[PDB]
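> So the sequence lines, in the order shown, correspond to chains 3, L, 6, 1, U, K, D, 9, W and C.
If you use the entry's author numbering, the first sequence corresponds to residues 1 to 128, in order.
If you use the entry's author numbering, the second sequence corresponds to residues 1 to 89, in order.
If you use the entry's author numbering, the third sequence corresponds to residues 1 to 184, in order.
If you use the entry's author numbering, the fourth sequence corresponds to residues 1 to 340, in order.
If you use the entry's author numbering, the fifth sequence corresponds to residues 2 to 172, in order.
If you use the entry's author numbering, the sixth sequence corresponds to residues 34 to 210, in order.
If you use the entry's author numbering, the seventh sequence corresponds to residues 2 to 87, in order.
If you use the entry's author numbering, the eighth sequence corresponds to residues 2 to 87, in order.
If you use the entry's author numbering, the ninth sequence corresponds to residues 63 to 122, in order.
If you use the entry's author numbering, the tenth sequence corresponds to residues 79 to 311, in order.
Backbone N, C-alpha and C define an ideal beta-carbon position, used for all residues, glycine too.
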Amino acid sequence: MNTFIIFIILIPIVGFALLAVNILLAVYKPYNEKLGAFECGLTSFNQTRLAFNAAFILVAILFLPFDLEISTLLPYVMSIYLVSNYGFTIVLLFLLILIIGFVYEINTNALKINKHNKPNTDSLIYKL
Amino acid sequence: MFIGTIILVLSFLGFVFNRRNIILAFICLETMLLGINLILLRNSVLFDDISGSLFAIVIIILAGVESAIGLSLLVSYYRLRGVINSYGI
Amino acid sequence: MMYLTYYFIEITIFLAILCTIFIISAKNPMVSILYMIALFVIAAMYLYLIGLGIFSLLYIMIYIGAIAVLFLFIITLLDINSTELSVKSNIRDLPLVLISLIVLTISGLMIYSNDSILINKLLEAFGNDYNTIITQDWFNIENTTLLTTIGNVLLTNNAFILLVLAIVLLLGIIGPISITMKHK
Amino acid sequence: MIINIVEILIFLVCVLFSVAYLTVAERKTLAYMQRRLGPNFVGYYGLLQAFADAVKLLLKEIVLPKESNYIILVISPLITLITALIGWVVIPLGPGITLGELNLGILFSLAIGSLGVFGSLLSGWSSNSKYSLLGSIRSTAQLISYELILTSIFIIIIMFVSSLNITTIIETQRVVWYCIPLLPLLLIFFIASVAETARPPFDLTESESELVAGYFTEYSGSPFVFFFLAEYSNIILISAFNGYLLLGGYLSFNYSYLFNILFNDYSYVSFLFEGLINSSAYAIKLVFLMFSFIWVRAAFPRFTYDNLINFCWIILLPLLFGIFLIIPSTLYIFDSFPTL
Amino acid sequence: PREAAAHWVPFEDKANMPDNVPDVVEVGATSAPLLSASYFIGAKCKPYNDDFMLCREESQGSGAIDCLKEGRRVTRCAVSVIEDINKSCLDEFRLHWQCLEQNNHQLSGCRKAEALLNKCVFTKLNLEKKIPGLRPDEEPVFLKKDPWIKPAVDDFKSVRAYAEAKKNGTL
Amino acid sequence: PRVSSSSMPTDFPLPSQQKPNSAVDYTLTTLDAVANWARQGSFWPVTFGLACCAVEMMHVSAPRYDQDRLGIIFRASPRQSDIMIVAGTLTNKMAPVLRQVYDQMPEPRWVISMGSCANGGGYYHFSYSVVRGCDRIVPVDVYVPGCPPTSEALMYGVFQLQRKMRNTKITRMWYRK
Amino acid sequence: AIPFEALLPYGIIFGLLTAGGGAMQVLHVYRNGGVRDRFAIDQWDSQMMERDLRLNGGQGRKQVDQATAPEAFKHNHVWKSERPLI
Amino acid sequence: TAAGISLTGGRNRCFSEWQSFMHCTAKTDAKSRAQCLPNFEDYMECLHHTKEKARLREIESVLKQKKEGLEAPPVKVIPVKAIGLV
Amino acid sequence: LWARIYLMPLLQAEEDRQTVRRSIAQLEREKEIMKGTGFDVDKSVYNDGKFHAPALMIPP
Amino acid sequence: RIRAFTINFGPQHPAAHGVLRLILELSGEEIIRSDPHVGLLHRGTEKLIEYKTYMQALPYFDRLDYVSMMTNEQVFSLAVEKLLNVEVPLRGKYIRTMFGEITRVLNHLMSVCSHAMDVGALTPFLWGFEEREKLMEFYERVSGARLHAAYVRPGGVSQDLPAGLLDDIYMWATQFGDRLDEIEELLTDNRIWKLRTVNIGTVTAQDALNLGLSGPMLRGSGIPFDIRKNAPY
Ligand code: SF4
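The following block contains the structure:
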């Protein structure tokens, strides 16, 4: 029971109280037309999941290794003086290795969504 | 060490007797690793020894990379079939 | 206080059992992912209780902030079929589940003992009826915490491990690109 | 116990009312930039506007669409608001003057921050619309992408300090604010904070999407209040991160000479005055950053999704890795590795 | 040793020391006065501290019970120096540790009081403050004028006493 | 069973002539005042910006009149809106769309008809493709005349709706029941 | 000119944060018995503050600079009894 | 290797027993190695406190089987607030 | 750091004094509980002769 | 097989302007097929005009492009004048040209500021709508209406200019140049504006001609055609 724990308990309580007040005071009159999803005033057909681009997958997947790379530097910044010059060299080597992977990602154009349709540039030729 | 051991055993049983979906298999893998790390960290505290905590940190990093690769494999598997069956493997 | 605060560890254990069961029994696999997030919060609670709040924060940062986010991202983008838990599908496992539960739990408690006799091996597992005596000394003049010590050993005594881990992360980049991107 | 309760009530009231008045300040400031007035009618000088909006929304019916996981749609905004407010527990308004004086305060900030993407992620799943899922996916991708940038800048700062205690990080800036040697990092941190709060010009999801108004399109009543409050609370909290990491937190100027003239011994009067000076310094920095959020909203058009992903991963992140290299190199060259 | 974890209770032992062990006084200063006196204690009691630590190392595991007489010497020397400070330089010593109590126990926040304390202790106790391990090129920080790092509020009583000493000529 | 008679009064005043007297009356009046004050001060319309009338609506938000000085904010989503403003000709092809948007508004809800087209069909009243007044499709609280109504006329209509809001019985109405 | 009505909400925010911080500083000092807070305290500081509690009679952060300890200091030593971390 | 390093970068809880056992193994050979059995025993004891737990079980069994009073300087448990009171 | 170094010996001497006092006290208490039984309370569980303050108390 | 995903962009949508039902088909990110459904504002104007006298039909033209009212009036008036074989007097012709260019300014304020608002530049809209307010005062002072003036009619204009109007138009003109400069300061060199506009919606000159595009939609492709210079009225 310091201020930290009391504050952390108190926040969800206030959220729940506001929710309870809204439930207690607002009217509640569901009916079929009101219950429809709002899509610009019309109705759309249910569809198979959209086909998505690979860059959408790749941003989320590549977040994890880069995030781990960044978070692995926390022990270094918390120990920099103790490990001073030896650890400075080691952390440089570690960073350079990860930068090679960044280079691979950049040169492969891995997060670029390519507009499939492009203007036609073929010449017009006539067989006389 | 009780909580880690129970988590590991129950996660393993959930993985094995999973007959519902493939995401449960992914989750059971992640939570088995969590249970192992919990056991290790308790022993690290009781010995006042940094080796256990060092191994636990490495385990966390490897679990991240393993998650990334496993989900890449799942997406590549999805690319040809467009769906995951409740036996999707 | 005392009654609740003495059994905080036991409460985390009970909640963990319940959370695992809820992970396996969830109808919607997204709900299963949410119960996995709950289990990780419980694990962070346990780690704080045993003195490792830094690992609590790291687990929240990495397993919830990154791994669970990727889990949800994937289940949102992908078309997953799942069946519900039912007697017709799953009561056939109950005998094997029971035998495996007993055998694996007992063996996982016995692997820790050094007694020759098997029953003593299992008995030592439930043998902490005593309190540890915490004592002070004055030999540590520096402000060295767990994170600092981890940095110290990882960057000097075990630098090779850090560089190999760099290679592993390189794999975590190159591989996903190799099998999720179609070149040319 | 009593003192603890009083302190928590004071801090909580100040934060919640600051959030309420930030919305009024945004409306007024945008208005005067656009040669109009903004709210000047609900309350004197329009000072009750936010409270009118809050009461109106608290009396508005909650709608649960038919294909909707109603529990998930009512709890997702609640958890985003809860994490957003929990972030305030470590912000100090003077040396050690905080609700939570944590030696792991920076780590707490980052972890609670990384819990901030789940609202966008869960809101789309709340319904059964593919428009919603795609929009939530994009917003989540933007959020984690700029999370990387913010975390990198945090680590770059800790390279100068070697501490995760926020008070200590502020205290080391009595020699110089860290925005002076690292001014490009001030620019980058502000840009990334605007992106991380999904504010204009980084507001794809709400303003160019399939659903008319982001993934809050389906929210009415108190859930809408939760999302709105969480957004503005995160604006102020991420600005407080900016303030203590780069702007010297509660530091303004050396008032030792003035205090020695004014007072001859320690008293509650001198303590109150020092507390006021420190808190006013931090508050005025927060005011400038909030004004900057609004000003940037006033001046610019929106990015597209492709543009912003490119900005994060091809322009900003490579610079931040180069900075990862150059900062420890400068500390090594001049033998200035910080002690613990 | 690690700090205590999840649930712990403090317990006091009511027994007396075994009567074979010669009794000794205990140091009665708290953390701020001790930090204020630490350099003078080091200066005077270095041989006894070194002997105590060497005994502990040589005992190779039984150090607590084998170095009790050396520890008795260490504690008596510390009590003697603090008594001397309380007899000759109490006002300045109190200035210094009250300043420390206001400044998070940071010596950089209390340089004015420390200057008076050092002059008093040197003139009436012949102890000198000195930082081990520096080269002649390196300057001890407590002797530095115009430091980068300064306190938020220079201590009121200490500022007045420092100015007065500069008038008198003591400092 | 038991109750067999009545003591109901015979000249109990009607809601438009009843005035507070009993301090429960005064409590409920204060509560209604707070609720109606919030409804007036946070006036969020969904725009059905059909035609030229919408231009005048745009000018209400422009600097000369600056609608948001009164607390008015236009919302894309009907889920976040209290007021529907029908501003333009309503065609037969559009009528189900308008009804659908109106039905998705959470309660309480009000509708303003703006301009002759929305009011009764206007210049296109005798057309084969035009609904003759949006009150064939949705209930209407206020009608604003003009083709188009000026910005000031639309603001006047908004003030009329706010007057209606300010005079609504909510807890006093429940107390009457 | 400077639009003052547009500055009124910023002034409210600035005043709220300023007053809340000043009140918090006063409450912290009052909780400490007239001195500023300790911050960034390591295990050494924690043990020193426990020893201070043993010397000053449980009076929080009160300091005593007398060379010799009282008699009760010999017998109010505390060891902690930690429950088994299962 | 991080063997021997505690959570604070010093020597771990059982370092002394381990170092004495390593001295033993370094001085002996494979044929003589069993001469080092006590050292290793001590090491394992420090790690797991098995004999200590057994001895405490014995003492506690005899304690709970006694109705006669105990007359020795006792142990007293106090609240953390009451460290140094009176 | 040098200030803490100069304070280390007196603090550790006080703590060592307490360690001895309480260890001998606990030995006396345990031998009084075990009076009348055939058990040696003075026999260490270790094989070296070194002083070993107890870990592991009976819960109070 | 590529499977399109189909979205109704509009009608109740900010960009779709309330009345456009743009049915789009996307394969991931990209539009593969687009189908604009219209007629949500089909009023049957052309049927109604057949039951009106020419004078009675004039106000229908105000309500076609309802930010460009007077130029709509002008095209109907010029057609009827050509069929009537009459000549507008000189002052009437000058008033029609002057108010045609005022109408062009009003239209371009609406279009450019709405375009900027759609991309997300919210401020040019407010700044430009104040200028629109100033010009609509001129509309109202000559015709008695802010929008649907019915001012330009077959034969000329319905009333003469009031006494102080030329002076007021001149004073508005002395500052409109600065008003334009500030919008250009926000947009013309902004790199985000260029990211949203450069190489977006490209049309070749030949395709522009083949599709029936006119005005800027044509002049942007490099073809110098403008009816004011090619066939002066
Ligand atoms: S009423 Fe007049 S101005 Fe309004 S939409 Fe109809 S024709 Fe246009």
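Taking the alpha carbon of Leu-169 (chain 6) as the point to measure from, which residue in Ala-37 (chain 3), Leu-96 (chain 3) and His-116 (chain 3) has its own alpha carbon closest?
Comparing Cα-Cα distances from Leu-169 (chain 6) to each of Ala-37 (chain 3), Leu-96 (chain 3) and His-116 (chain 3), the minimum goes to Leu-96 (chain 3).
> Count the other C-beta atoms from every protein chain shown that fall within 10 angstroms of the C-beta of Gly-22 (chain D), then say buried if there are 16 or more, exposed otherwise.
buried
> Is there at least one non-hydrogen atom of the ligand SF4 closer than 7 Å to the beta-carbon of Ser-146 (chain C)?
no
> Quick check on the burial criterion: 16 or more other C-beta atoms within 10 angstroms. Buried or exposed for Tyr-87 (chain L)?
exposed
> Of all the alpha helix (DSSP H) runs that stay within the bounds of the segment 124-161 of chain C, which reach a length of 4 or more residues?
Entirely contained in the segment 124-161 of chain C, the alpha helix (DSSP H) runs reaching 4 residues are, in chain order, 132-140.
> Counting only Cβ-Cβ distances shorter than 8 Å, please list the residues of the segment 30-57 of chain L near chain D, keeping chain order.
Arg-42, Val-45 and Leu-46
> By the three-class DSSP mapping on this structure, what secondary structure does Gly-21 (chain D) have?
In the three-state reduction of the DSSP assignment, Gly-21 (chain D) falls in the helix class.
> Taking 8 Å as the threshold (C-beta atoms), are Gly-275 (chain 1) and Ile-97 (chain 1) in contact?
yes
> Would you report the Cα separation of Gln-152 (chain C) and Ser-236 (chain C), rounded to the nearest angstrom?
12 Å
> Under 6 Å Cβ to Cβ from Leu-119 (chain C), same chain only, skipping five residues before and after it: list those, please.
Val-97
> Let me check one thing: in DSSP terms, what residues is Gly-96 (chain C) bridge-paired to?
Paired residues: none, contrary to the question.
> Only counting the same chain, and skipping five residues up and downstream in sequence, which positions put a Cβ closer than 8 Å to that of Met-18 (chain U)?
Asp-24
> Are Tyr-130 (chain 6) and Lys-54 (chain 9) close, meaning C-beta to C-beta below 8 Å?
yes
> Can you pull the chain 6 neighbours of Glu-105 (chain 3), defined as C-beta to C-beta under 9 Å?
Result: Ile-173, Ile-174 and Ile-177.
> What is the DSSP secondary structure of residue 15 (chain K), reduced to helix, strand or coil?
Since the first residue shown for chain K is 34 and the last is 210, residue 15 (chain K) is missing from the structure and cannot be characterised.
> Can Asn-40 (chain 9) and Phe-22 (chain 9) be called in contact, C-beta distance under 8 Å?
yes
> What are the start and end residues of the alpha helix (DSSP H) that includes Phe-207 (chain C)?
201-221
> How close, in whole Å, do the beta carbons of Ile-236 (chain 1) and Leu-16 (chain 1) come, if the pair is a contact with beta carbons under 8 Å?
Contact between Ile-236 (chain 1) and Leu-16 (chain 1) fails: their C-beta atoms lie close to 11 Å from each other, not under 8 Å.
> Does the beta carbon of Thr-108 (chain 3) come closer than 8 Å to any beta carbon on chain 1?
no
> Note down the Cα distance separating residue 259 (chain K) from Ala-37 (chain 3), rounded to an integer number of angstroms.
Shown here, chain K extends from 34 to 210; a query on residue 259 (chain K) therefore has no answer.
> Can you tell me which of the three DSSP states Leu-118 (chain C) falls into?
The DSSP-derived three-state label of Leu-118 (chain C) is coil.
> Out of curiosity, what's the CA-to-CA distance linking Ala-111 (chain 1) and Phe-273 (chain 1)?
34 Å
> Kindly examine the ligand SF4 and report whether one of its heavy atoms sits closer than 7 Å to the Cβ of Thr-83 (chain 6).
no
> When the cut-off is 8 Å and only beta carbons count, does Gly-178 (chain C) lie next to chain 3?
no
> Taking its Cβ as the centre, do 16 or more other Cβ atoms sit within 10 Å of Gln-90 (chain C), making it buried, or is it exposed?
buried
> Check whether the Cβ of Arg-73 (chain U) lies closer than 8 Å to any Cβ atom in chain 9.
No - not a single Cβ of chain 9 is within 8 Å of the one on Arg-73 (chain U).
> How many whole angstroms separate the CB atoms of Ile-156 (chain 1) and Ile-323 (chain 1), which I take to be in contact at a CB cut-off of 8 Å?
Contact between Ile-156 (chain 1) and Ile-323 (chain 1) holds, since their C-beta atoms are separated by about 6 Å, short of 8 Å.
> Consult DSSP for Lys-77 (chain 9) and reduce its assignment to one of helix, strand or coil.
strand
> Can you tell me whether DSSP reads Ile-9 (chain 3) as helix, strand or coil?
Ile-9 (chain 3): helix per DSSP, three-state reduction.
> Any idea if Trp-207 (chain K) is buried or exposed, counting beta-carbon neighbours within 10 angstroms, 16 or more meaning buried?
That one is exposed.
> With a threshold of 16 other CB atoms inside 10 Å of the CB of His-50 (chain 9), please say whether the residue is buried or exposed.
buried
> Would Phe-207 (chain C) and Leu-243 (chain C) qualify as a contact pair, given that the criterion is a beta-carbon distance under 8 Å?
no
> Determine the contact status of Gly-51 (chain 6) and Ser-79 (chain 3), defining contact as a CB-CB distance below 8 Å.
Contact: no.
> From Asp-156 (chain U) to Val-89 (chain 1), what distance separates their C-alpha atoms?
31 Å
> Contact defined as beta carbons within less than 8 Å: I believe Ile-177 (chain 6) pairs with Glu-105 (chain 3). What is the distance between those atoms, to the nearest angstrom?
7 Å
> Could you give the DSSP three-state label for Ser-82 (chain D): helix, strand or coil?
Strand at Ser-82 (chain D).
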